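Student: Below is a structure I'd like to ask you about.
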Amino acid sequence: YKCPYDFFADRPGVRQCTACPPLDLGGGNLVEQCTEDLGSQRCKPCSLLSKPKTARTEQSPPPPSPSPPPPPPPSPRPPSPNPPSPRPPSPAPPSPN
Ligand SMILES: *[C@H]1O[C@H](CO)[C@H](O)[C@H](O)[C@H]1O
Ligand SMILES: *[C@H]1O[C@H](CO)[C@H](O)[C@H](O)[C@H]1O
Ligand SMILES: *[C@H]1O[C@H](CO)[C@H](O)[C@H](O)[C@H]1O
Ligand SMILES: *[C@H]1O[C@H](CO)[C@H](O)[C@H](O)[C@H]1O
Ligand SMILES: *[C@H]1O[C@H](CO)[C@H](O)[C@H](O)[C@H]1O
Ligand SMILES: *[C@H]1O[C@H](CO)[C@H](O)[C@H](O)[C@H]1O
Ligand SMILES: *[C@H]1O[C@H](CO)[C@H](O)[C@H](O)[C@H]1O
Ligand SMILES: *[C@H]1O[C@H](CO)[C@H](O)[C@H](O)[C@H]1O
């Protein structure tokens, strides 16, 4: 996105735009600086800008769309297998003679 008005970015690939700091003229007096147009890295003083703040004719961009939802918890595990069923009865010993 372009840096908005009164914001500038110099180093490329910058995460967030930075506001123009006030310009200290010396002796403790500071004149704040306003960017001329969108996406500019030059902080011109607000008194000397060719285009006044009123002359800006850009519809302010829509606010951030909401952040996505969270990832569902780990689904449960399949039921554990059951033990081997009981062995069948053993054969009765041979009947007497
Ligand atoms: C929102 O930003 C625009 C510039 O796109 C303009 O400065 C408006 O005045 C502001 O409300
Ligand atoms: C979230 O809202 C903005 C407007 O603020 C825009 O419509 C996006 O498309 C939406 O995802
Ligand atoms: C989650 O993301 C939105 C953009 O979709 C926005 O940056 C919020 O500030 C963040 O928490
Ligand atoms: C098991 O359940 C979770 C939610 O508890 C999620 O829907 C997974 O996709 C499903 O496999
Ligand atoms: C029995 O086996 C299941 C998998 O089918 C799971 O690991 C349970 O934790 C275990 O008790
Ligand atoms: C014998 O019993 C076990 C559990 O008691 C299991 O159900 C087997 O399938 C059955 O043959
Ligand atoms: C006697 O024989 C049966 C199967 O023929 C089974 O193994 C019993 O455990 C055994 O006592
Ligand atoms: C004689 O005895 C054996 C077991 O001792 C068996 O029950 C036969 O059926 C019976 O005839």
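Student: By the gyration tensor of its Cα atoms, with a ≥ b ≥ c the square roots of the eigenvalues, what is the shape of region 1-84: rounded for a/c under 1.5, prolate for a/b over b/c, or oblate? Write down the numbers at each step before the final one.
Tutor: On the way: a/c = 5.07, a/b = 3.19, b/c = 1.59.
Prolate, since a/c reaches 1.5 and a/b exceeds b/c.
Student: At residue 14 and residue 42, where each label point lies 7 Å from the Cα along Cα→Cβ, what is the point-to-point distance in nanometres?
Tutor: Modelled inter-label distance: 1.6 nm.
Student: Now for a different question. Taking the Cα centre of region 1-59 as the origin, how large is its charge dipole in debye, to the nearest 20, when only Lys and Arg (+1) and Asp and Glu (-1) carry charge on their Cβ atoms?
Tutor: Details: 8 positive and 7 negative charges, 33 e Å.
Taking the Cα centre of region 1-59 as origin, the dipole is about 160 debye.
Student: A follow-up question, please. With a cut-off of at most 10 other beta carbons within 10 Å, and DSSP calling the residue loop, which chymotrypsin sites (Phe, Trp or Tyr not before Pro) in the chain qualify? Please list them.
Tutor: Values: sites: 1, 5, 7, 8; in loops: 1, 5.
Filter output for the chain: 1.
Student: Which of the listed residues, 16, 73, 35, is farthest toward the dipole's positive end in the chain, when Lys, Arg count +1 and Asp, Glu count -1 at the beta-carbon?
Tutor: Checking the options against the dipole of the chain, the answer is 73.
Student: Here is a follow-up. Once you put a point 7 Å from the Cα of residue 50 and another 7 Å from the Cα of residue 87, both along the Cβ direction, what distance in nm separates them?
Tutor: For the pair residue 50/residue 87, the computed spacing is 10.0 nm.
Student: Show me the ranking of peptides 11-20, 73-82, 55-64, 38-47 by mean Cβ neighbours inside 10 Å, starting with the highest. Walk me through the intermediate numbers first.
Tutor: Values: 11-20: 10.8, 73-82: 6.0, 55-64: 7.7, 38-47: 14.7.
Ranking the peptides 11-20, 73-82, 55-64, 38-47 by packing returns 38-47, 11-20, 55-64, 73-82.
Student: Right, something else. Measuring from centroid to centroid over Cα atoms, what is the spacing of region 40-64 and region 69-97 in Å?
Tutor: Cα centroid of region 40-64 versus Cα centroid of region 69-97: 76 Å apart.
So basically every Cβ, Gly included, is an ideal-geometry build from the backbone, and we count neighbours across all protein chains shown. Rule-based calculations on the coordinates, nothing more; no lab input.
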